[PDB]
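Structure file coords21.json (JSON, C-alpha atoms (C1' of nucleotides)) is printed below.
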```
[["chain", "number", "residue", "atom", "x", "y", "z"],
["A", 682, "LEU", "CA", 66.81, -137.20, -62.65],
["A", 683, "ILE", "CA", 70.36, -135.76, -63.01],
["A", 684, "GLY", "CA", 70.23, -132.63, -65.27],
["A", 685, "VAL", "CA", 73.94, -132.89, -66.31],
["A", 686, "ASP", "CA", 77.31, -133.77, -64.62],
["A", 687, "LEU", "CA", 80.64, -132.03, -65.57],
["A", 688, "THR", "CA", 84.09, -132.64, -63.92],
["A", 689, "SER", "CA", 85.43, -129.30, -62.51],
["A", 690, "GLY", "CA", 88.10, -127.96, -60.13],
["A", 691, "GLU", "CA", 87.98, -125.51, -57.27],
["A", 692, "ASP", "CA", 87.26, -121.83, -57.99],
["A", 693, "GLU", "CA", 85.65, -122.53, -61.38],
["A", 694, "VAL", "CA", 82.42, -120.60, -61.86],
["A", 695, "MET", "CA", 79.49, -122.84, -62.96],
["A", 696, "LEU", "CA", 76.29, -121.66, -64.76],
["A", 697, "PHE", "CA", 72.79, -123.29, -65.05],
["A", 698, "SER", "CA", 70.30, -123.03, -68.00],
["A", 699, "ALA", "CA", 66.61, -123.50, -66.94],
["A", 700, "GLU", "CA", 64.12, -124.62, -69.66],
["A", 701, "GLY", "CA", 61.87, -121.67, -68.64],
["A", 702, "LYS", "CA", 64.46, -119.03, -69.81],
["A", 703, "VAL", "CA", 66.78, -118.73, -66.71],
["A", 704, "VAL", "CA", 70.64, -118.62, -66.33],
["A", 705, "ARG", "CA", 72.59, -118.36, -62.99],
["A", 706, "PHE", "CA", 76.09, -118.05, -61.70],
["A", 707, "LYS", "CA", 77.57, -119.05, -58.39],
["A", 708, "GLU", "CA", 81.22, -119.55, -57.70],
["A", 709, "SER", "CA", 81.56, -123.26, -56.94],
["A", 710, "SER", "CA", 83.70, -122.52, -53.86],
["A", 711, "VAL", "CA", 80.67, -121.16, -51.95],
["A", 712, "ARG", "CA", 79.08, -124.60, -51.69],
["A", 713, "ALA", "CA", 80.39, -127.25, -49.32],
["A", 714, "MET", "CA", 82.37, -130.30, -50.46],
["A", 715, "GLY", "CA", 79.70, -132.99, -50.54],
["A", 716, "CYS", "CA", 79.93, -136.76, -50.18],
["A", 717, "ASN", "CA", 78.28, -139.91, -51.58],
["A", 718, "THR", "CA", 74.83, -141.30, -50.74],
["A", 719, "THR", "CA", 73.81, -137.96, -49.18],
["A", 720, "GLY", "CA", 71.18, -135.32, -49.78],
["A", 721, "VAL", "CA", 71.67, -132.19, -51.87],
["A", 722, "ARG", "CA", 72.03, -128.40, -51.57],
["A", 723, "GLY", "CA", 69.62, -125.95, -53.14],
["A", 724, "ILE", "CA", 70.82, -123.78, -56.03],
["A", 725, "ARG", "CA", 67.96, -122.08, -57.89],
["A", 726, "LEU", "CA", 64.45, -121.18, -56.72],
["A", 727, "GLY", "CA", 62.93, -122.28, -60.02],
["A", 728, "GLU", "CA", 59.18, -121.80, -59.73],
["A", 729, "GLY", "CA", 56.81, -123.90, -61.80],
["A", 730, "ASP", "CA", 58.30, -126.20, -64.43],
["B", 1, "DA", "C1'", 52.53, -232.84, -82.08],
["B", 2, "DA", "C1'", 53.74, -228.29, -85.36],
["B", 3, "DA", "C1'", 56.32, -223.62, -85.50],
["B", 4, "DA", "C1'", 59.87, -220.42, -83.66],
["B", 5, "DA", "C1'", 64.01, -218.92, -81.36],
["B", 6, "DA", "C1'", 68.66, -219.62, -78.33],
["B", 7, "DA", "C1'", 72.90, -221.72, -77.83],
["B", 8, "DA", "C1'", 77.17, -224.19, -79.01],
["B", 9, "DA", "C1'", 80.83, -226.02, -81.95],
["B", 10, "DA", "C1'", 85.54, -223.21, -85.45],
["B", 11, "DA", "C1'", 87.77, -220.15, -88.85],
["B", 12, "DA", "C1'", 86.70, -215.18, -90.44],
["B", 13, "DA", "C1'", 85.35, -209.56, -90.23],
["B", 14, "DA", "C1'", 85.62, -205.46, -86.83],
["B", 15, "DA", "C1'", 85.92, -203.00, -82.24],
["B", 16, "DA", "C1'", 86.22, -201.38, -76.60],
["B", 17, "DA", "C1'", 88.34, -200.40, -71.33],
["B", 18, "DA", "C1'", 90.70, -200.05, -66.16],
["B", 19, "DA", "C1'", 95.18, -198.79, -63.62],
["B", 20, "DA", "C1'", 100.82, -196.84, -62.51],
["B", 21, "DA", "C1'", 104.41, -193.29, -62.79],
["B", 22, "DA", "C1'", 105.72, -187.09, -62.85],
["B", 23, "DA", "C1'", 104.65, -182.23, -64.27],
["B", 24, "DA", "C1'", 101.99, -178.89, -66.14],
["B", 25, "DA", "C1'", 97.54, -176.74, -66.97],
["B", 26, "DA", "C1'", 92.58, -175.84, -66.20],
["B", 27, "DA", "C1'", 87.89, -176.02, -63.31],
["B", 28, "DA", "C1'", 85.74, -175.52, -59.16],
["B", 29, "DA", "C1'", 85.05, -174.92, -54.62],
["B", 30, "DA", "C1'", 86.50, -172.74, -50.21],
["B", 31, "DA", "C1'", 88.68, -168.55, -46.26],
["B", 32, "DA", "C1'", 89.44, -163.96, -46.04],
["B", 33, "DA", "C1'", 90.61, -158.81, -47.25],
["B", 34, "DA", "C1'", 87.98, -155.19, -48.80],
["B", 35, "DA", "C1'", 84.58, -152.05, -49.71],
["B", 36, "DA", "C1'", 78.90, -150.82, -50.23],
["B", 37, "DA", "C1'", 75.08, -150.54, -47.38],
["B", 38, "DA", "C1'", 72.41, -149.82, -43.23],
["B", 39, "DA", "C1'", 71.22, -148.43, -37.98],
["B", 40, "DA", "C1'", 71.92, -145.23, -34.50],
["B", 41, "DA", "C1'", 74.48, -140.99, -31.82],
["B", 42, "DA", "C1'", 75.92, -135.72, -32.12],
["B", 43, "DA", "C1'", 76.47, -132.11, -34.63],
["B", 44, "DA", "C1'", 76.36, -127.44, -38.17],
["B", 45, "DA", "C1'", 75.22, -125.08, -43.23],
["B", 46, "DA", "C1'", 70.76, -123.63, -45.17],
["B", 47, "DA", "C1'", 66.12, -121.64, -45.15],
["B", 48, "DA", "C1'", 63.79, -118.51, -42.90],
["B", 49, "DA", "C1'", 63.10, -113.86, -41.94],
["B", 50, "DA", "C1'", 63.43, -108.92, -42.39],
["B", 51, "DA", "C1'", 64.90, -104.46, -44.01],
["B", 52, "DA", "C1'", 67.15, -102.21, -47.55],
["B", 53, "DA", "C1'", 68.56, -101.46, -52.24],
["B", 54, "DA", "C1'", 69.73, -100.50, -57.46],
["B", 55, "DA", "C1'", 70.16, -103.41, -62.66],
["B", 56, "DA", "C1'", 67.66, -104.76, -66.55],
["B", 57, "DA", "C1'", 62.84, -105.02, -69.07],
["B", 58, "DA", "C1'", 59.86, -100.99, -71.21],
["B", 59, "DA", "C1'", 59.65, -97.41, -74.45],
["B", 60, "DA", "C1'", 61.11, -94.07, -78.76],
["B", 61, "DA", "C1'", 63.19, -95.29, -83.42],
["B", 62, "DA", "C1'", 66.94, -96.08, -87.15],
["B", 63, "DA", "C1'", 69.17, -99.82, -89.92],
["B", 64, "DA", "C1'", 71.39, -103.84, -91.05],
["B", 65, "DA", "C1'", 71.41, -108.81, -91.02],
["B", 66, "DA", "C1'", 67.85, -111.33, -92.48],
["B", 67, "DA", "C1'", 64.03, -115.50, -94.39],
["B", 68, "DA", "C1'", 60.98, -115.82, -98.51],
["B", 69, "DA", "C1'", 61.19, -115.89, -103.69],
["B", 70, "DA", "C1'", 63.57, -117.37, -107.94],
["B", 71, "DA", "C1'", 66.71, -120.40, -110.24],
["B", 72, "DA", "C1'", 70.09, -124.15, -111.21],
["B", 73, "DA", "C1'", 71.86, -128.34, -110.09],
["B", 74, "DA", "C1'", 73.54, -132.60, -106.79],
["B", 75, "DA", "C1'", 72.14, -136.52, -105.15],
["B", 76, "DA", "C1'", 70.48, -138.30, -99.31],
["B", 77, "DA", "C1'", 66.62, -141.09, -98.13],
["B", 78, "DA", "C1'", 62.42, -144.26, -98.87],
["B", 79, "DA", "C1'", 60.14, -148.32, -100.30],
["B", 80, "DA", "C1'", 60.58, -152.85, -102.59],
["B", 81, "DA", "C1'", 63.24, -157.29, -103.35],
["B", 82, "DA", "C1'", 66.37, -160.62, -100.85],
["B", 83, "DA", "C1'", 69.35, -162.62, -97.14],
["B", 84, "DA", "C1'", 70.98, -163.38, -91.86],
["B", 85, "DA", "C1'", 70.56, -162.98, -86.29],
["B", 86, "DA", "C1'", 68.34, -163.78, -82.44],
["B", 87, "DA", "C1'", 64.33, -164.82, -79.27],
["B", 88, "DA", "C1'", 59.20, -167.33, -77.32],
["B", 89, "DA", "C1'", 56.28, -171.61, -78.20],
["B", 90, "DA", "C1'", 55.78, -176.08, -77.73],
["B", 91, "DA", "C1'", 57.19, -180.70, -76.90],
["B", 92, "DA", "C1'", 60.48, -184.07, -74.85],
["B", 93, "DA", "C1'", 63.20, -186.19, -71.08],
["B", 94, "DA", "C1'", 66.29, -188.65, -66.72],
["B", 95, "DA", "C1'", 66.20, -188.98, -62.08],
["B", 96, "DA", "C1'", 62.99, -190.22, -58.71],
["B", 97, "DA", "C1'", 59.04, -191.52, -55.49],
["B", 98, "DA", "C1'", 55.86, -195.48, -55.67],
["B", 99, "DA", "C1'", 54.74, -200.34, -56.11],
["B", 100, "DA", "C1'", 55.56, -205.54, -56.48],
["B", 101, "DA", "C1'", 58.56, -210.08, -56.48],
["B", 102, "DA", "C1'", 62.58, -212.83, -54.74],
["B", 103, "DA", "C1'", 66.74, -213.91, -51.04],
["B", 104, "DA", "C1'", 68.11, -214.69, -46.04],
["B", 105, "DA", "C1'", 66.94, -215.55, -41.13],
["B", 106, "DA", "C1'", 63.90, -217.84, -38.22],
["B", 107, "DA", "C1'", 62.75, -221.24, -34.93],
["B", 108, "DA", "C1'", 58.41, -225.92, -34.02],
["B", 109, "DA", "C1'", 58.83, -230.28, -34.46],
["B", 110, "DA", "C1'", 60.25, -234.95, -36.38],
["B", 111, "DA", "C1'", 63.20, -238.64, -39.39],
["B", 112, "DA", "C1'", 67.18, -240.57, -39.43],
["B", 113, "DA", "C1'", 71.36, -241.30, -37.41],
["B", 114, "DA", "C1'", 75.10, -242.01, -33.73],
["B", 115, "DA", "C1'", 76.27, -243.50, -29.30],
["B", 116, "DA", "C1'", 76.04, -245.93, -24.98],
["B", 117, "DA", "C1'", 73.51, -248.56, -20.58],
["B", 118, "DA", "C1'", 72.23, -253.01, -18.42]]
```
Can you present the structure in this file as structure tokens?
Amino acid sequence: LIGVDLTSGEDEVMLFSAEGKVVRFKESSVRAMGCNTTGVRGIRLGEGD
DNA sequence: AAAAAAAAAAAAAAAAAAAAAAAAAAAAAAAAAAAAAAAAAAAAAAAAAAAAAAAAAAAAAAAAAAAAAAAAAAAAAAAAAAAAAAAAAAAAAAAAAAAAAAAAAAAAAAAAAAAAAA
């Protein structure tokens, strides 16, 4: 499913919150400007559940 | 031959419908822009991979915000009565293929008629 969707601008740092006690931060500018009906880019090597 | 029902006479009661003409709106059906979606090419950011590293969980231990106990008091929510909204179950139906009865064309042949020959 889709975890959550927020509307953001360039150079705004985004954080994740795993349900197995994890939190990460990657500048949003690192990742390429995606398009519709495409695949996805990995973010977090979240092992297990 | 008995019963029953239609129809027609004439003064009464009471209804219904088709078109023309112009100008505006409202349904309802089409081409045609316009953008999702999908197939098939090259192309390029991410995982891999490896070495190298140093930032946050352990551990000692005080102490300061805490969650249970006690009490008083306010009053949200739950279950029982009624009263509405909204959806499957079941039954019905109007066109619609199937069948049966009557109108128009057909010629074979003859009765009666009209006409003319010698």
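Interatomic distance, CA of residue 682 (chain A) against CA of residue 721 (chain A): 12.8 Å.
Taking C1' of residue 35 (chain B) and CA of residue 689 (chain A) as the two end points, the separation is 26.1 Å.
Relative to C1' of residue 37 (chain B), CA of residue 687 (chain A) is found at 26.5 Å.
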How would you write as a PDB file with C-alpha atoms, in the coordinates of the input the residues that get within 10 Å of (60.9, -120.9, -69.1) in the file's frame, counting all atoms listed in the file?
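Here's the written file point_14.pdb:
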```pdb
ATOM      1  CA  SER A 698      70.300-123.030 -68.000  1.00  0.00           C
ATOM      2  CA  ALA A 699      66.610-123.500 -66.940  1.00  0.00           C
ATOM      3  CA  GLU A 700      64.120-124.620 -69.660  1.00  0.00           C
ATOM      4  CA  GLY A 701      61.870-121.670 -68.640  1.00  0.00           C
ATOM      5  CA  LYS A 702      64.460-119.030 -69.810  1.00  0.00           C
ATOM      6  CA  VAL A 703      66.780-118.730 -66.710  1.00  0.00           C
ATOM      7  CA  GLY A 727      62.930-122.280 -60.020  1.00  0.00           C
ATOM      8  CA  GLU A 728      59.180-121.800 -59.730  1.00  0.00           C
ATOM      9  CA  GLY A 729      56.810-123.900 -61.800  1.00  0.00           C
ATOM     10  CA  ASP A 730      58.300-126.200 -64.430  1.00  0.00           C
TER      11      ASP A 730
END
```
Wanna dump the chain B-chain A contacts at 12 Å for me, each residue with its shortest atom pair and the distance in Å to one decimal, counting only C-alpha atoms (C1' of nucleotides), ordered by chain and number, as a Markdown table?
```
| residue | atom | partner | partner_atom | distance |
| --- | --- | --- | --- | --- |
| B:36 | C1' | A:718 | CA | 10.4 |
| B:37 | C1' | A:718 | CA | 9.8 |
| B:38 | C1' | A:718 | CA | 11.6 |
| B:44 | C1' | A:713 | CA | 11.9 |
| B:45 | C1' | A:713 | CA | 8.3 |
| B:46 | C1' | A:722 | CA | 8.1 |
| B:47 | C1' | A:723 | CA | 9.7 |
```
Hey, could you pull the box centre and edge lengths for region 5-22 of chain B, axis-aligned, 8 Å padding per side, all listed atoms, to one decimal in Å, as JSON?
```
{"center_x": 84.9, "center_y": -206.6, "center_z": -76.5, "size_x": 57.7, "size_y": 54.9, "size_z": 43.9}
```
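Nearest to residue 707 (chain A) of all the residues A:683, A:725, A:695, A:688 is A:695, based on only C-alpha atoms.
Within the 9 Å cut-off around residue 692 (chain A), using only C-alpha atoms (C1' of nucleotides) and omitting residues fewer than 5 positions from it on the same chain, the listed residues are residues 708, 709, 710 and 711 of chain A.
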